[PDB]
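Same protein, same chain, two forms; see structure 1 and structure 2 below, as structure tokens.
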Structure 1
């Protein structure tokens, strides 16, 4: 069939590295790109095509229990080892990541249908907001 309609989830990707290198892609981009999986949404009407592709990355699970310090390796970030301790402050989840980096941690809390996440390292604060599906 010529009908390529649908959403297609990548299950295999061979020699993406060599294709990317043939295209002169920066080796730092290739090292990240070879990790990605793809979802392709094709809307097709006869010979008219619209191909909508999204690239996706694993990220490691993080499991913890409040009050129990755990070892965390920040793969997908700086790949460092920290000793993380999560505690409640009221309804705010507070994490201190003890390690090389000073003032490293995060705070996580719900308000309404929104999840707030504040990440700290040194004097830098990154504020992320998520909406509930």
Structure 2
């Protein structure tokens, strides 16, 4: 069939290193990309294609309700159990992750179309900013 539409998830990838070597792709980029799964989203209408190739390392999903304490197992991260509670401190979204670690949690808040996110653990703080897509 000529119908290539849909979302396609990779299950095999042989000689991806040789094809990148022949493409003159630098050594450091080759080693990051050689161990990432691929996702192809093909939008085809007759003879017109819109091909989208996303290469991902790891996905992490968490679901919660504000005010309800839940157990968050950080699988594929540090693989720990933490008692997490997400509350509103204004329009900022605060979350404490009570567990084996100290001062562990995050803070989310929106302004305009920028997502401010701070991640804390022990005495380390990571500051990320996301512009909306």
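Residue numbers count along the first chain shown, from 1. The term rigid core refers to the most C-alpha atoms you can superpose between the two forms while keeping them within 1.5 Å.
- Each of 103, 80, 31, 58 except one sits more than 12 positions from any hinge; the exception, lying at the hinge between rigid parts between structure 1 and structure 2, is 58.
- A rotation of 56 degrees carries the smaller rigid part relative to the larger between structure 1 and structure 2, according to C-alpha superpositions.
- The Cα position of residue 49 changes by 16.9 Å between structure 1 and structure 2 once both are aligned on the rigid core.
- A C-alpha shift of 1.3 Å is found for residue 38 between structure 1 and structure 2, based on superposition of the rigid core.
- Superposing the two forms on their core, we find that the Cα atom of residue 9 is displaced by 5.7 Å between structure 1 and structure 2.
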